[PDB]
file run10.txt (compact mmCIF, N, CA, C and O atoms)
# COMPACT_ATOMS: atom_id res chain seq x y z
N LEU A 1 -5.27 -8.18 -6.66
CA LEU A 1 -4.16 -7.64 -7.52
C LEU A 1 -2.82 -7.59 -6.77
O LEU A 1 -2.65 -6.83 -5.77
N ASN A 2 -1.89 -8.47 -7.19
CA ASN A 2 -0.56 -8.45 -6.65
C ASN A 2 0.38 -8.18 -7.75
O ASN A 2 0.42 -8.94 -8.69
N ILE A 3 1.22 -7.19 -7.54
CA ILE A 3 2.13 -6.74 -8.54
C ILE A 3 3.50 -6.71 -7.96
O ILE A 3 3.73 -6.04 -6.95
N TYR A 4 4.43 -7.41 -8.64
CA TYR A 4 5.82 -7.49 -8.22
C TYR A 4 6.67 -6.97 -9.30
O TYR A 4 6.72 -7.59 -10.34
N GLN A 5 7.35 -5.89 -9.03
CA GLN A 5 8.19 -5.29 -10.04
C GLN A 5 9.61 -5.13 -9.59
O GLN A 5 9.90 -4.36 -8.72
N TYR A 6 10.49 -5.83 -10.26
CA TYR A 6 11.87 -5.79 -9.96
C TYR A 6 12.60 -5.13 -11.12
O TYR A 6 12.27 -5.36 -12.29
N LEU B 1 -5.51 -11.42 -10.21
CA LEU B 1 -4.41 -10.88 -11.08
C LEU B 1 -3.06 -10.83 -10.33
O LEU B 1 -2.89 -10.07 -9.33
N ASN B 2 -2.14 -11.72 -10.75
CA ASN B 2 -0.80 -11.70 -10.20
C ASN B 2 0.13 -11.43 -11.30
O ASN B 2 0.18 -12.18 -12.24
N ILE B 3 0.97 -10.43 -11.10
CA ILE B 3 1.89 -9.98 -12.10
C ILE B 3 3.26 -9.95 -11.51
O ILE B 3 3.48 -9.29 -10.51
N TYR B 4 4.18 -10.65 -12.20
CA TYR B 4 5.58 -10.73 -11.78
C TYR B 4 6.42 -10.22 -12.86
O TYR B 4 6.47 -10.83 -13.90
N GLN B 5 7.11 -9.13 -12.59
CA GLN B 5 7.95 -8.54 -13.59
C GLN B 5 9.36 -8.37 -13.15
O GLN B 5 9.66 -7.60 -12.28
N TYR B 6 10.24 -9.07 -13.82
CA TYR B 6 11.63 -9.04 -13.52
C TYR B 6 12.36 -8.38 -14.68
O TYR B 6 12.03 -8.60 -15.85
N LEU C 1 -5.03 -4.94 -3.10
CA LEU C 1 -3.92 -4.39 -3.97
C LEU C 1 -2.57 -4.34 -3.21
O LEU C 1 -2.41 -3.58 -2.21
N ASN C 2 -1.65 -5.23 -3.63
CA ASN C 2 -0.32 -5.21 -3.09
C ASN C 2 0.62 -4.94 -4.19
O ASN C 2 0.67 -5.69 -5.13
N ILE C 3 1.46 -3.94 -3.98
CA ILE C 3 2.38 -3.49 -4.99
C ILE C 3 3.75 -3.47 -4.40
O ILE C 3 3.97 -2.80 -3.39
N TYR C 4 4.67 -4.16 -5.08
CA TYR C 4 6.07 -4.25 -4.66
C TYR C 4 6.91 -3.73 -5.74
O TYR C 4 6.96 -4.34 -6.78
N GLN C 5 7.60 -2.64 -5.48
CA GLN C 5 8.44 -2.05 -6.48
C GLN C 5 9.85 -1.88 -6.03
O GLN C 5 10.15 -1.12 -5.17
N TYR C 6 10.73 -2.58 -6.71
CA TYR C 6 12.12 -2.55 -6.40
C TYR C 6 12.85 -1.89 -7.57
O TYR C 6 12.52 -2.12 -8.73
N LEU D 1 -4.78 -1.69 0.46
CA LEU D 1 -3.68 -1.15 -0.41
C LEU D 1 -2.33 -1.10 0.34
O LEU D 1 -2.16 -0.34 1.35
N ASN D 2 -1.40 -1.99 -0.08
CA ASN D 2 -0.07 -1.97 0.47
C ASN D 2 0.87 -1.70 -0.63
O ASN D 2 0.91 -2.45 -1.57
N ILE D 3 1.71 -0.70 -0.43
CA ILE D 3 2.62 -0.25 -1.43
C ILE D 3 3.99 -0.22 -0.84
O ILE D 3 4.22 0.45 0.17
N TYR D 4 4.91 -0.92 -1.53
CA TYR D 4 6.31 -1.00 -1.10
C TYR D 4 7.15 -0.49 -2.18
O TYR D 4 7.21 -1.10 -3.23
N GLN D 5 7.84 0.60 -1.92
CA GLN D 5 8.68 1.19 -2.92
C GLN D 5 10.10 1.36 -2.48
O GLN D 5 10.39 2.13 -1.61
N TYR D 6 10.98 0.66 -3.15
CA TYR D 6 12.36 0.69 -2.84
C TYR D 6 13.09 1.35 -4.01
O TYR D 6 12.76 1.13 -5.18
N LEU E 1 -4.54 1.55 4.01
CA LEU E 1 -3.43 2.09 3.15
C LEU E 1 -2.08 2.14 3.90
O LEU E 1 -1.92 2.90 4.90
N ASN E 2 -1.16 1.26 3.48
CA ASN E 2 0.17 1.28 4.03
C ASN E 2 1.11 1.55 2.92
O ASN E 2 1.15 0.79 1.99
N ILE E 3 1.95 2.54 3.13
CA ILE E 3 2.87 2.99 2.13
C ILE E 3 4.24 3.02 2.71
O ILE E 3 4.46 3.69 3.72
N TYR E 4 5.16 2.32 2.03
CA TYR E 4 6.56 2.24 2.45
C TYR E 4 7.40 2.76 1.37
O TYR E 4 7.45 2.14 0.33
N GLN E 5 8.08 3.84 1.64
CA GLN E 5 8.93 4.44 0.63
C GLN E 5 10.34 4.60 1.08
O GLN E 5 10.64 5.37 1.95
N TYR E 6 11.22 3.90 0.41
CA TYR E 6 12.61 3.94 0.71
C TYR E 6 13.34 4.60 -0.45
O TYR E 6 13.01 4.37 -1.62
N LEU F 1 -4.29 4.79 7.57
CA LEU F 1 -3.19 5.34 6.70
C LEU F 1 -1.84 5.39 7.46
O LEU F 1 -1.67 6.15 8.46
N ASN F 2 -0.91 4.50 7.04
CA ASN F 2 0.42 4.52 7.58
C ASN F 2 1.36 4.79 6.48
O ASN F 2 1.40 4.04 5.54
N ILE F 3 2.19 5.79 6.69
CA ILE F 3 3.11 6.24 5.69
C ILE F 3 4.48 6.27 6.27
O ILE F 3 4.70 6.93 7.28
N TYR F 4 5.40 5.57 5.59
CA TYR F 4 6.80 5.48 6.01
C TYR F 4 7.64 6.00 4.93
O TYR F 4 7.70 5.39 3.89
N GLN F 5 8.33 7.09 5.19
CA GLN F 5 9.17 7.68 4.19
C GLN F 5 10.59 7.85 4.64
O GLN F 5 10.88 8.61 5.50
N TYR F 6 11.47 7.15 3.96
CA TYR F 6 12.85 7.18 4.27
C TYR F 6 13.58 7.84 3.10
O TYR F 6 13.25 7.61 1.94
N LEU G 1 -4.05 8.04 11.13
CA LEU G 1 -2.94 8.58 10.26
C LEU G 1 -1.59 8.63 11.01
O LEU G 1 -1.43 9.39 12.02
N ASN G 2 -0.67 7.74 10.59
CA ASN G 2 0.66 7.76 11.14
C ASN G 2 1.60 8.03 10.04
O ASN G 2 1.64 7.28 9.10
N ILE G 3 2.44 9.03 10.24
CA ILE G 3 3.35 9.48 9.24
C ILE G 3 4.72 9.51 9.83
O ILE G 3 4.95 10.18 10.84
N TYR G 4 5.65 8.81 9.15
CA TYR G 4 7.05 8.73 9.57
C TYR G 4 7.89 9.24 8.49
O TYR G 4 7.94 8.63 7.44
N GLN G 5 8.57 10.33 8.75
CA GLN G 5 9.42 10.92 7.75
C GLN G 5 10.83 11.09 8.19
O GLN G 5 11.13 11.86 9.06
N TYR G 6 11.71 10.39 7.52
CA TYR G 6 13.10 10.42 7.83
C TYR G 6 13.83 11.08 6.66
O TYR G 6 13.50 10.86 5.50
N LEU H 1 -3.80 11.28 14.68
CA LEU H 1 -2.70 11.82 13.82
C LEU H 1 -1.35 11.87 14.57
O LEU H 1 -1.18 12.63 15.57
N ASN H 2 -0.42 10.99 14.15
CA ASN H 2 0.91 11.01 14.70
C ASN H 2 1.84 11.28 13.60
O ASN H 2 1.89 10.52 12.66
N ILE H 3 2.68 12.27 13.80
CA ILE H 3 3.60 12.72 12.80
C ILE H 3 4.97 12.75 13.38
O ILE H 3 5.19 13.42 14.39
N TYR H 4 5.89 12.05 12.70
CA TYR H 4 7.29 11.97 13.12
C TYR H 4 8.13 12.49 12.04
O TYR H 4 8.18 11.88 11.00
N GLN H 5 8.82 13.57 12.31
CA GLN H 5 9.66 14.17 11.30
C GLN H 5 11.08 14.33 11.75
O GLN H 5 11.37 15.10 12.62
N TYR H 6 11.96 13.63 11.08
CA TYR H 6 13.34 13.67 11.38
C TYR H 6 14.07 14.33 10.22
O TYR H 6 13.74 14.10 9.05
N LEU I 1 -3.56 14.53 18.24
CA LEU I 1 -2.45 15.07 17.38
C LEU I 1 -1.10 15.12 18.13
O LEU I 1 -0.94 15.88 19.13
N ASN I 2 -0.18 14.23 17.71
CA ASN I 2 1.15 14.25 18.25
C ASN I 2 2.09 14.52 17.15
O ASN I 2 2.13 13.77 16.21
N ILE I 3 2.93 15.52 17.36
CA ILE I 3 3.84 15.97 16.36
C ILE I 3 5.21 16.00 16.94
O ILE I 3 5.44 16.66 17.95
N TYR I 4 6.14 15.30 16.26
CA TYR I 4 7.54 15.21 16.68
C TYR I 4 8.38 15.73 15.60
O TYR I 4 8.43 15.12 14.56
N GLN I 5 9.06 16.82 15.86
CA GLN I 5 9.90 17.41 14.86
C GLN I 5 11.32 17.58 15.31
O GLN I 5 11.61 18.34 16.17
N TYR I 6 12.20 16.88 14.64
CA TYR I 6 13.58 16.91 14.94
C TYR I 6 14.32 17.57 13.77
O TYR I 6 13.98 17.34 12.61
N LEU J 1 23.17 -17.62 -9.80
CA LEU J 1 22.04 -18.46 -9.25
C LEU J 1 20.76 -17.63 -9.04
O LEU J 1 20.72 -16.69 -8.18
N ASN J 2 19.75 -17.90 -9.89
CA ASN J 2 18.47 -17.27 -9.71
C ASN J 2 17.47 -18.32 -9.48
O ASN J 2 17.30 -19.18 -10.30
N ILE J 3 16.72 -18.15 -8.40
CA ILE J 3 15.76 -19.13 -7.98
C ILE J 3 14.45 -18.46 -7.80
O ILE J 3 14.34 -17.50 -7.03
N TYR J 4 13.43 -19.00 -8.48
CA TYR J 4 12.06 -18.48 -8.42
C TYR J 4 11.18 -19.55 -7.94
O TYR J 4 11.01 -20.52 -8.64
N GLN J 5 10.59 -19.34 -6.79
CA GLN J 5 9.72 -20.34 -6.22
C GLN J 5 8.36 -19.81 -5.91
O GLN J 5 8.18 -19.00 -5.05
N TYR J 6 7.38 -20.35 -6.60
CA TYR J 6 6.03 -19.96 -6.44
C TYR J 6 5.26 -21.13 -5.83
O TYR J 6 5.49 -22.29 -6.19
N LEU K 1 23.42 -14.38 -6.24
CA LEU K 1 22.29 -15.22 -5.70
C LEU K 1 21.01 -14.38 -5.48
O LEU K 1 20.97 -13.45 -4.62
N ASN K 2 19.99 -14.65 -6.33
CA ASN K 2 18.71 -14.02 -6.16
C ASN K 2 17.71 -15.08 -5.92
O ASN K 2 17.55 -15.94 -6.75
N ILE K 3 16.96 -14.91 -4.85
CA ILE K 3 16.01 -15.88 -4.42
C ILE K 3 14.69 -15.21 -4.24
O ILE K 3 14.59 -14.26 -3.47
N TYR K 4 13.67 -15.76 -4.92
CA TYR K 4 12.31 -15.24 -4.86
C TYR K 4 11.42 -16.30 -4.39
O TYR K 4 11.25 -17.28 -5.08
N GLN K 5 10.84 -16.10 -3.23
CA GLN K 5 9.97 -17.09 -2.67
C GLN K 5 8.60 -16.57 -2.36
O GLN K 5 8.43 -15.76 -1.50
N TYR K 6 7.63 -17.11 -3.05
CA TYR K 6 6.28 -16.71 -2.88
C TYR K 6 5.51 -17.88 -2.28
O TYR K 6 5.73 -19.04 -2.63
N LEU L 1 23.66 -11.14 -2.68
CA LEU L 1 22.53 -11.97 -2.14
C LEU L 1 21.25 -11.14 -1.92
O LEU L 1 21.21 -10.20 -1.07
N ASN L 2 20.24 -11.41 -2.77
CA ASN L 2 18.96 -10.78 -2.60
C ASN L 2 17.96 -11.83 -2.36
O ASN L 2 17.79 -12.69 -3.19
N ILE L 3 17.21 -11.67 -1.29
CA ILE L 3 16.25 -12.64 -0.87
C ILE L 3 14.94 -11.97 -0.68
O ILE L 3 14.83 -11.01 0.09
N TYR L 4 13.92 -12.52 -1.37
CA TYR L 4 12.55 -12.00 -1.31
C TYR L 4 11.67 -13.06 -0.83
O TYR L 4 11.50 -14.03 -1.52
N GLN L 5 11.08 -12.85 0.33
CA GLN L 5 10.21 -13.85 0.89
C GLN L 5 8.85 -13.32 1.20
O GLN L 5 8.67 -12.51 2.06
N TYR L 6 7.87 -13.87 0.51
CA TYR L 6 6.52 -13.47 0.67
C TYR L 6 5.75 -14.64 1.28
O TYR L 6 5.98 -15.80 0.93
N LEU M 1 23.90 -7.89 0.87
CA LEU M 1 22.78 -8.73 1.42
C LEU M 1 21.49 -7.90 1.64
O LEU M 1 21.46 -6.96 2.49
N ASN M 2 20.48 -8.17 0.79
CA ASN M 2 19.20 -7.53 0.96
C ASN M 2 18.20 -8.59 1.19
O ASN M 2 18.04 -9.45 0.37
N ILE M 3 17.45 -8.42 2.27
CA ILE M 3 16.50 -9.40 2.69
C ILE M 3 15.18 -8.73 2.88
O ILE M 3 15.08 -7.77 3.64
N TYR M 4 14.16 -9.27 2.19
CA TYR M 4 12.80 -8.75 2.25
C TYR M 4 11.91 -9.82 2.73
O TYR M 4 11.74 -10.79 2.03
N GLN M 5 11.33 -9.61 3.88
CA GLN M 5 10.45 -10.60 4.45
C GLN M 5 9.09 -10.08 4.76
O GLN M 5 8.92 -9.27 5.62
N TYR M 6 8.12 -10.62 4.07
CA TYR M 6 6.77 -10.23 4.23
C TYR M 6 6.00 -11.40 4.84
O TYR M 6 6.22 -12.56 4.48
N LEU N 1 24.15 -4.65 4.43
CA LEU N 1 23.02 -5.49 4.98
C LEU N 1 21.74 -4.65 5.19
O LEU N 1 21.70 -3.72 6.05
N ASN N 2 20.73 -4.92 4.34
CA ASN N 2 19.45 -4.29 4.51
C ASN N 2 18.45 -5.35 4.75
O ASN N 2 18.28 -6.20 3.92
N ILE N 3 17.70 -5.18 5.82
CA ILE N 3 16.74 -6.15 6.25
C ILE N 3 15.43 -5.48 6.43
O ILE N 3 15.32 -4.53 7.20
N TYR N 4 14.41 -6.03 5.75
CA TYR N 4 13.04 -5.51 5.81
C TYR N 4 12.16 -6.57 6.29
O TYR N 4 11.99 -7.55 5.59
N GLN N 5 11.57 -6.37 7.44
CA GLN N 5 10.70 -7.36 8.00
C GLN N 5 9.34 -6.84 8.31
O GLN N 5 9.16 -6.03 9.18
N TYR N 6 8.36 -7.38 7.63
CA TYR N 6 7.01 -6.98 7.79
C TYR N 6 6.24 -8.15 8.40
O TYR N 6 6.47 -9.31 8.04
N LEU O 1 24.39 -1.41 7.99
CA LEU O 1 23.27 -2.24 8.53
C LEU O 1 21.98 -1.41 8.75
O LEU O 1 21.95 -0.47 9.61
N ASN O 2 20.97 -1.68 7.90
CA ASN O 2 19.69 -1.05 8.07
C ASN O 2 18.69 -2.10 8.31
O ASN O 2 18.53 -2.96 7.48
N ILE O 3 17.94 -1.94 9.38
CA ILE O 3 16.99 -2.91 9.81
C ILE O 3 15.67 -2.24 9.99
O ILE O 3 15.57 -1.28 10.76
N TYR O 4 14.65 -2.79 9.30
CA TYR O 4 13.29 -2.27 9.36
C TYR O 4 12.40 -3.33 9.84
O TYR O 4 12.23 -4.30 9.15
N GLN O 5 11.82 -3.12 11.00
CA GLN O 5 10.94 -4.12 11.56
C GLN O 5 9.58 -3.59 11.87
O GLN O 5 9.40 -2.78 12.73
N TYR O 6 8.61 -4.14 11.18
CA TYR O 6 7.25 -3.74 11.35
C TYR O 6 6.48 -4.91 11.95
O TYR O 6 6.71 -6.07 11.60
N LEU P 1 24.64 1.84 11.55
CA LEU P 1 23.51 1.00 12.09
C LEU P 1 22.23 1.84 12.31
O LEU P 1 22.19 2.77 13.16
N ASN P 2 21.22 1.57 11.46
CA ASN P 2 19.93 2.20 11.63
C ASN P 2 18.94 1.14 11.87
O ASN P 2 18.77 0.28 11.04
N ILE P 3 18.19 1.31 12.94
CA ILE P 3 17.23 0.33 13.36
C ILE P 3 15.91 1.00 13.55
O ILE P 3 15.81 1.96 14.32
N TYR P 4 14.90 0.46 12.86
CA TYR P 4 13.53 0.98 12.92
C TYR P 4 12.65 -0.09 13.40
O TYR P 4 12.48 -1.06 12.70
N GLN P 5 12.06 0.12 14.55
CA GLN P 5 11.19 -0.87 15.12
C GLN P 5 9.83 -0.35 15.43
O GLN P 5 9.65 0.46 16.29
N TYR P 6 8.85 -0.89 14.74
CA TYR P 6 7.50 -0.50 14.90
C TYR P 6 6.73 -1.67 15.51
O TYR P 6 6.96 -2.83 15.16
N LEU Q 1 24.88 5.08 15.10
CA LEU Q 1 23.75 4.24 15.65
C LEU Q 1 22.47 5.08 15.86
O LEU Q 1 22.43 6.01 16.72
N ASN Q 2 21.46 4.81 15.01
CA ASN Q 2 20.18 5.44 15.18
C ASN Q 2 19.18 4.38 15.42
O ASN Q 2 19.02 3.53 14.59
N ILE Q 3 18.43 4.55 16.50
CA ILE Q 3 17.48 3.58 16.92
C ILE Q 3 16.16 4.25 17.10
O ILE Q 3 16.06 5.20 17.87
N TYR Q 4 15.14 3.70 16.42
CA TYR Q 4 13.78 4.22 16.48
C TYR Q 4 12.89 3.16 16.96
O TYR Q 4 12.72 2.18 16.26
N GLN Q 5 12.30 3.36 18.11
CA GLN Q 5 11.43 2.37 18.67
C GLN Q 5 10.07 2.89 18.99
O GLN Q 5 9.89 3.70 19.85
N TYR Q 6 9.09 2.35 18.30
CA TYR Q 6 7.74 2.75 18.46
C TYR Q 6 6.97 1.58 19.07
O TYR Q 6 7.20 0.42 18.71
N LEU R 1 25.13 8.32 18.66
CA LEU R 1 24.00 7.49 19.20
C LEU R 1 22.72 8.32 19.42
O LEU R 1 22.68 9.26 20.28
N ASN R 2 21.71 8.05 18.57
CA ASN R 2 20.42 8.68 18.74
C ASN R 2 19.43 7.63 18.98
O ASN R 2 19.26 6.77 18.15
N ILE R 3 18.68 7.79 20.05
CA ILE R 3 17.72 6.82 20.48
C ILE R 3 16.40 7.49 20.66
O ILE R 3 16.30 8.45 21.43
N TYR R 4 15.39 6.94 19.97
CA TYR R 4 14.02 7.47 20.03
C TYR R 4 13.14 6.40 20.51
O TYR R 4 12.97 5.43 19.82
N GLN R 5 12.55 6.61 21.67
CA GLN R 5 11.68 5.61 22.23
C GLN R 5 10.31 6.14 22.54
O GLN R 5 10.14 6.95 23.40
N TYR R 6 9.34 5.60 21.85
CA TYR R 6 7.99 5.99 22.02
C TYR R 6 7.22 4.82 22.62
O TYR R 6 7.45 3.66 22.27
call {"tool": "encode", "arguments": {"input": "run10.txt", "output": "structure tokens"}}
result
Amino acid sequence: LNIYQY
Amino acid sequence: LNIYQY
Amino acid sequence: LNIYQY
Amino acid sequence: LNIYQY
Amino acid sequence: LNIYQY
Amino acid sequence: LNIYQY
Amino acid sequence: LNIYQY
Amino acid sequence: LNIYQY
Amino acid sequence: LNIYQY
Amino acid sequence: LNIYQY
Amino acid sequence: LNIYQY
Amino acid sequence: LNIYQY
Amino acid sequence: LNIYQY
Amino acid sequence: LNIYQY
Amino acid sequence: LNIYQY
Amino acid sequence: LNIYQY
Amino acid sequence: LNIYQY
Amino acid sequence: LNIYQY
């Protein structure tokens, strides 16, 4: 699980 | 699961 | 689990 | 678990 | 567990 | 457990 | 447990 | 346990 | 246990 | 200029 | 200029 | 200029 | 200039 | 200039 | 200038 | 100038 | 100038 | 000038 939140 | 949120 | 929050 | 919060 | 909080 | 709080 | 608080 | 508090 | 308090 | 490279 | 490199 | 490099 | 390097 | 290097 | 080096 | 070196 | 070296 | 060296 990789989560990138910008 | 890869999630990219811009 | 990698979480990046900007 | 790696968490980066900016 | 690595947590980076800026 | 490594915690960095700025 | 390493804790860095600035 | 290492704790750094600034 | 090492504690640094500034 | 927005560049997304995966 | 925003650059995202994965 | 924002640069994200993973 | 913000640079994030992982 | 903010630089984050992991 | 803020520099974080891990 | 703030420099954090781990 | 603040310098933290671990 | 604050210098912390561990």
call {"tool": "axis_aligned_box", "arguments": {"input": "run10.txt", "around": "chain Q", "padding_each_side": "4 Å", "output": "lines of an AutoDock Vina configuration file"}}
result
center_x = 15.9
center_y = 3.2
center_z = 17.2
size_x = 25.9
size_y = 13.6
size_z = 13.3
call {"tool": "closest_atom_pairs", "arguments": {"input": "run10.txt", "of": "chain A", "to": "chain L", "cutoff": "12 Å", "atoms": "only C-alpha atoms", "output": "tab-separated table"}}
result
residue	atom	partner	partner_atom	distance
A:2	CA	L:6	CA	11.4
A:4	CA	L:4	CA	10.6
A:5	CA	L:4	CA	11.8
A:6	CA	L:4	CA	10.7
call {"tool": "select_by_dssp", "arguments": {"input": "run10.txt", "residues": "chain B", "states": "strand (DSSP E)", "output": "PyMOL selection string"}}
result
chain B and resi 2-5
